[PDB]
């Protein structure tokens, strides 16, 4: 199973300036629940976005995708192609925009946290991948984060 997990503004923005223009503790907890114990695959930029203190994310097989054959990520596997990372029963692609797009053909699950933030798209933004007609999606209720933003979860699947 390859799944994608991400949070996006309504506009499709997932990242800006190498970080995220919001912070939902509830989505972090949800993220941790969904990925705990499994392989997490991320682009090198996303690895860089992780604070050195949470790095590697505990209890998960941290894999970083880089074309740099000598890139050192203390506590992770650095692989130069996505196929090297799919060697576990459950693999979660955790970002960023490039790796989401690269992984979409392998995916059967997308766990999408939609953040009700009017965030117009800007040059350089990392974007959520486009899901075609093969994806079947079920939505949750709009919830309120303690950060003040509303959010809801879309769970997409396809065979």
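C-alpha atoms forming the largest set that superposes within 1.5 Å between two forms make up the rigid core. Residue numbers count along the first chain shown, from 1.
Root mean square Cα distance to the shown form, taken over structures and residues in 9 other deposited structures of this protein after a core fit, is higher for 48 to 56 when 48 to 56 and 28 to 36 are compared. Of the two segments, 46 to 54 and 105 to 113, the one listed with the higher mean B-factor is 46 to 54 (C-alpha atoms only). Mean CA B-factor, 131 to 139 versus 144 to 152: the higher value falls on 131 to 139.
Residue-level inspection of the entry shows that, of 70, 125, 26, 90, 70 has the top Cα B-factor. Residue 120: CA B factor in the highest third of modelled residues in this chain (values from the PDB entry). Sort the modelled residues of the chain by CA B factor and residue 1 lands in the highest third.
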